[PDB]
Structures are given as C-alpha cells and as structure tokens.
Amino acid sequence: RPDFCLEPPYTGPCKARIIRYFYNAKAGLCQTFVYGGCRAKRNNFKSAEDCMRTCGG
Amino acid sequence: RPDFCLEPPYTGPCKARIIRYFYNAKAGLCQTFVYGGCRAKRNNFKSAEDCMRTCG
Amino acid sequence: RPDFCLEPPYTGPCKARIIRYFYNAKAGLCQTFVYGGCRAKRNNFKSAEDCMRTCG
Amino acid sequence: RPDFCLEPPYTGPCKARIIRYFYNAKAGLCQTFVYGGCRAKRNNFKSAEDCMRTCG
Amino acid sequence: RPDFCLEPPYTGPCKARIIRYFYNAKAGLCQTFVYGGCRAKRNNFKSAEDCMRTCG
C-alpha cells in the first residue's frame, strides 16, 4: 500500500462538510471523515471503492 | 442478523448532517438518522437496501 | 391514493436540511419540503417518481 | 419558450441551500441558483439538461 | 487549453457549500473548491472528468 495511506485524514481549512473516505491503517479498513472542500491530501477518496482498492489489502 | 443491528443509531462527534439508515430492531425495519461524519458504529448504512438486507 | 398522502409534510425534530417530496392533495402534485433526517411520516419521498406513483 | 422561463429565480422561504438551474433570458441560457427547499416556481430545474431543453 | 483554465476558482457570493472542480494550471490537475451556488466563472466543473478534459 502507498505510504500516503498511512497519513491521518485532513479536513482542510475550507467550510464544506462533505463525507470522504480515508484508510485507517490501524483499523485496517477505510472509514469516513468530514472533508472541508479544498486542499485535499491523498488519503481522501470520493468513492469508498477507490479507497479500499488504492489503500486496502 | 448480526448483533450490531440491535444497537441504537450513533451520530458520533463530527458535525456534518448526513442521512444514514439504521436497523430499528424493535420496529423490525430500517429508519433514517443523522450521522455526523466520523466514528460510525456498524448499524449505519448509506443504502437502505443494504440496511434491510444486512440486518433483515 | 393512500390516506397518509393527505397528511401535511413533517420536517420532524432532527437538524438536517434534506430535500424530500410530499404529495400535495390541494395542488394535485408532489412538491418539495425540508426533512430533518429523522422520524419521518409517510408522506415523505426521497424520489418524486415514488411520490407520484404512490400518492398522485 | 414557456413564459415562466422569463421569471427570475425564486429561492423561496425555506432554509436549505440546494443547487438548482433556472433559465436566464438576458444571458440566453441556464445558470445555477440557490433554492431553499420549498415553494419552487417553474423556472427551477433539478437537471440542467431539463432546464436547457425546456427553456432554450 | 482554453484561456479560462488559467483563471483562479471563484466561489461567488451565494451561500451554498458545494464542491466543484477547477483546473489548477500551476499544479497540472483539477482540484476542489467550495462554490457558493451562483455566478460561476468558467473554470468551474461539476464533473472532474469534464474539468481535466476541458482544461488538461
């Protein structure tokens, strides 16, 4: 798995409150977090399929 | 059904206001609740279809 | 049309601002209202197709 | 074009913040606006394809 | 690539909190920004496919 997958989730400085997915290396699966709408880091997925596939396994 | 289906819905500490479905085991069916965006428990579904099937 | 279709739309006590459809008997058609995210009443449709077929 | 296509967009009294399309006469095309959730007038579409076909 | 791809994203004056995409020329791809719901400039895409197609 990519090492960005080990990064904690980042809401960012913007004000939206949008559901995104992030991989939790600890839990071993992707989980939800609130994304603010700008400045996403890479452990941030619009689709849970993507997060699982990119970071899971 | 899994045991998690018997647990009351859990909004969590985040501040978004998203509709999710939870299984109401008293009523025998899935209903909506407001989820906050993080730290979901398992009786929480984005799709009512999945809720009814999983906890059905 | 089911009798619940005659009921006025029910936002409910939760805090979300979700758009839903409610059949408006007076008007002869389904219209939008803001739903709270919990404790819906039956004149409450996520899909307007569903609202008209069920209530129209 | 339907005459309602000429009407300015109507946010309405409810307090959701929904993106909708309306047709702009001046501009000659559909643009986005913020719909509040209730009391829509007709120059108001969920679909931009619907807006453009109906009013353009 | 179209000149408008070089313009900075424009939230506009309305009060919605909606995610849209803008081409970031300096960065080489499209990113997200919060769109207020009205008065879009052209470097604003509802679809990221469309953004990278139009502007990449």
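Every chain is numbered from 1, with letters handed out A, B, ... down the list of sequences. Hydrogens, waters and symmetry mates play no part in the numbers below; they use all other heavy atoms, side chains included.
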Pairs of donor and acceptor atoms under 3.5 Å between chain D and chain E, please, with atom names and distances.
from, atom 1, to, atom 2, distance (Å)
D:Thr32, OG1, E:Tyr35, OH, 2.8
D:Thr32, OG1, E:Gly37, O, 2.9

Whatever's closer than 4.5 Å to a heavy atom in chain D on E:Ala16 counts as both
Those residues at least two apart in sequence (or on a different chain) that pass side-chain contact (heavy atoms from CB on, under 4.5 Å) with E:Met52 are E:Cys30
